[PDB]
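We begin with a single chain expressed as structure tokens, specifically the form deposited without the ligand.
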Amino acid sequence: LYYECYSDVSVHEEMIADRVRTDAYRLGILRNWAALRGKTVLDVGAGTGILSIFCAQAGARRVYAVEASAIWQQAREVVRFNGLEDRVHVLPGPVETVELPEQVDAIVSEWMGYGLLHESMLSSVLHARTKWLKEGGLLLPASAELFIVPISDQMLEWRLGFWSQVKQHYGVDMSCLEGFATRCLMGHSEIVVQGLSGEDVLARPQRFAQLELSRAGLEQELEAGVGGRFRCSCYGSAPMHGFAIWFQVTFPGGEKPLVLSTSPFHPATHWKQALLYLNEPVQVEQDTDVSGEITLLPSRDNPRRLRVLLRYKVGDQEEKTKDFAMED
């Protein structure tokens, strides 16, 4: 032990324990064997190196596994231990300053998530694409999509209703603290990462963004942000708590693309979903129109904030703005 790495292994554990994430990258890379066999790959942020080894198993001649931080040591060890040190070169330090001997045929990466770490990871992948990817080279995954839907969070409803139950259980009335609990759990301006199920979803999810990660201009385009309008119609009576946002990414086939989805209707992943809570619950009914506009604006100046701008309208309520920010 050099450094306290309790929080370290927990993140790498979470990723390898996620069978949806790991099978999607496994099957997604193997389905591209004809495009990878005898070719060169850059793995941007190789971590413990599993994506680099999947690329070798798919037939890559050379994999450059680039890892900025201390986990590079473990990637070095995993590669050696699988007898792949001739084929997979684990390189220390940031991809922005790495020197490869050649441009590569493919870039594999795992940048996706919510917050500044993932914003910077996407910027690092696009920097590597501009600098190192051959004309017409392959990106895995190739594209990303974002979805939004109105939600009723069953877990939040239990927590808000908890204070009304104290009188029955103990014989003291604490129902007067529902307002306090509501302001505390819903009244803030932070994104809450929490896993929902299908029955929390109040309407058809709407796609509001789609990024083709190979596009020449994408770095300059991201500067203006990602977003769109949405409109949907509620299924039934529910207390609406706000919106869920989630992503899917696509790996091209041999064939149909493989889709890695983080939707509440899909098997649970370590990514869960990003929840945007309204200041308080709003009752919806069958056919209640929910519309708005969502914009994600990149961080620019220190102290970095990724801004989430929401303007929305529930049924006959007036249009409302609620803006959120991520500061890690």
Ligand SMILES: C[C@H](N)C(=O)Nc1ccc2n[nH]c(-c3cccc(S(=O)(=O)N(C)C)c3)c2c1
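Take the two forms, find the largest set of C-alpha atoms that superpose within 1.5 Å, and that set is the rigid core. When you see a residue number, it is the position in the sequence shown, counting from 1.
Below, we refer to the form solved in complex with the ligand, which is not included among the displayed structures.
The ligand is not drawn, but in the deposited complex it has no heavy atom within 4.5 Å of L138. Using a 4.5 Å cutoff between non-hydrogen atoms, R62 does not count as a contact of the ligand in the deposited complex. Mapping the unseen interface onto this chain, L84 falls outside it, with no heavy atom inside 4.5 Å of the ligand in the deposited complex. The closest heavy atom approach of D105 to the ligand in the deposited complex falls outside 4.5 Å. Residues of just one listed stretch (114 to 122, 233 to 241, 199 to 207, 178 to 186) have heavy atoms within 4.5 Å of the ligand in the deposited complex: 114 to 122. When the two forms are superposed on their rigid core between this form and the one not shown, the C-alpha shift of 2 Å or more among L116, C234, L139, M240 belongs solely to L116. Fitting the two forms on the rigid core leaves the C-alpha of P303 displaced by at least 2 angstroms between this form and the one not shown.
Relative to this form, in the deposited complex the C-alpha atoms of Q248 and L117 approach one another by 3 angstroms or more. The pair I71 and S7 approaches in the deposited complex: their C-alpha atoms are at least 3 Å nearer to each other than in the form depicted.
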